[PDB]
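Just the one chain here, the form deposited in one PDB entry, laid out as structure tokens.
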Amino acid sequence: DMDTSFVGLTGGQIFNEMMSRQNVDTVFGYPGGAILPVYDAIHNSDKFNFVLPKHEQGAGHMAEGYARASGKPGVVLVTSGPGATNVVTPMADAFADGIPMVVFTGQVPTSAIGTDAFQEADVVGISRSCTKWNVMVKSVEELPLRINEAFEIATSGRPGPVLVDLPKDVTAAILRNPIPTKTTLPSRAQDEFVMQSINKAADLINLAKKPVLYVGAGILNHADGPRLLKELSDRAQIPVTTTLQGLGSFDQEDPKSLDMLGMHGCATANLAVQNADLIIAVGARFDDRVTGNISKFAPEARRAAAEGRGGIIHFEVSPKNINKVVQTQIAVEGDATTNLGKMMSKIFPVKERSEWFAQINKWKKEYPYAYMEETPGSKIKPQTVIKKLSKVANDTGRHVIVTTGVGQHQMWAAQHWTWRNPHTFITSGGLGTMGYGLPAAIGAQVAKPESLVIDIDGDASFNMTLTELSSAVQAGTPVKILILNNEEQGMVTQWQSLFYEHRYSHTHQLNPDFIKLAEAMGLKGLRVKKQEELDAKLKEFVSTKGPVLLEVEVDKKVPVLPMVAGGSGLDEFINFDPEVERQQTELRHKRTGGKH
């Protein structure tokens, strides 16, 4: 069966048509020679909104933030050569964090490919290891097919980035042949096997006496995910901890909430996991930033497994991540949410778990997120800023979205914010890309025009992509940019303090005047130094109509705690100790000859 409707159109014009057929409402991009035939076709197009950054990396991270906030794939449209190489970091970032993204790169004409042409890059080769799939379109005839395959692959299984390489002669060419209609249009034994494993997992859960739900980003890839998670938690009385990327999937005000686990997770979550007889892993991949020393990980679960009375259940959509890190007793293949729904009726309702929750509540009382609080004459504490802003933003009654950079401010945002809503924490976790914060916020704001979007950023992170401030003005995105300025690459100085005897090698970048910068870029700029002005400034920050930057001068050389590092198990975290911090301050002064 053939389709003749695209006959007579250029490749560019076909691209434009395929965007509305693929339900694309937003395109992030930057023009150039190779991709000019497509840009002429989308000129003044009302199929979608176009967002123009200052740098293609910005386009990439914007599309990511857009994808995370909307649940739709982020679409990028850039030129060949430097245009394409400039989106390599965002693709690798989306690949690590499972973000659906379709990247369209212009390419030199097919006759010039492989001749080391002007602005030619081997983009398909470069991006092979950091995309789910990529392809070079070699004729206009196969353009709709490739577009359809790209979007499907990007949004199925574990979502991820795909790249489509678009030769200039292909997008300029007129389609002069009918093409298969199928290319233009966007097992019983397996089901029985999945159900079998679902039955097995239900049996294990009904047996557990100290279960823990270990929840990650996977639960958020379905609209009903958080809802079914809660239903399972309430039905079987199971406490819930989340990874960094699962934050927002569970109401942290709920008594059964364990908060975040891992390297910088809540001690209670870490201890609960270390003492659980059953770990129910839902959409999480057991990264070492979560597990700590893997040989020390979940000893009570391993003991339960050896005695046939527990262990680890894994709801995982990708075969690649099953039995990858941890020996699992039961793997439940496919969409976590879907499989939770199927399992629910098989779970015995539990009245209470007195002993287990008594232990957990005692851990909660003993190990809060403690830190050195403000004293007279001291600088503002970064942890205090997060706690205050969390309440201020939440009290607005608006839907709040938070993006971050990478480092200490990121962890403190994760810890001290109170998470309650799905798809409201957007942070770079796997690749951990500095500079993510501002463009991701712009993207998220585009996805959710009514939401209050806050970028909680670091000074070093913000410097990476700060040129996109003007892009926010041009895009009409009233993002709220918060800079926790400690005048350092804090996460690195933390590691240098701990393991390199306070040798701070090249970890202090010279910052610009962030307030003058913001105003030069066309935003309102605010600064706070004094403890007494923090409250009022935070309120003015959140209340501002347009885009606004607020720089908070915060204290320096403050470690993120708790911390699981070295060969420590999850239950061998370093805890906050006020006397230790004081001793570290003296030691630091002496070792740095008074410089820090």
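Residues that one form lacks are left out of the comparison. Take the two forms, find the largest set of C-alpha atoms that superpose within 1.5 Å, and that set is the rigid core. When you see a residue number, it is the position in the sequence shown, counting from 1.
Keep in mind that the form deposited in another entry is missing from the display, and what follows is about it.
**Q** Hey, after the core superposition between this form and the one not shown, which of 373, 366, 501, 450 has the C-alpha moving 2 angstroms or more?
**A** Between the two forms, the residue that moves is 501.
**Q** Core aligned, does the CA of residue 488 move at least 2 Å between this form and the one not shown?
**A** Yes.
**Q** Based on a C-alpha change of 3 angstroms or more, tell me if residue 497 and residue 482 lie closer or farther in the other entry than in the shown form.
**A** Their C-alpha distance grows by at least 3 Å in the other entry.
**Q** Regarding residue 485 and residue 501, go with closer or farther for their CA spacing in the other entry versus this form, the difference being 3 Å or more.
**A** The answer is closer, because the C-alphas of residue 485 and residue 501 approach each other in the other entry by 3 Å or more.
**Q** Give me the residue ranges between this form and the one not shown where at least 3 consecutive Cα atoms each move 2 Å or more, fitting on the core only.
**A** Run found: 488 to 507, no others.
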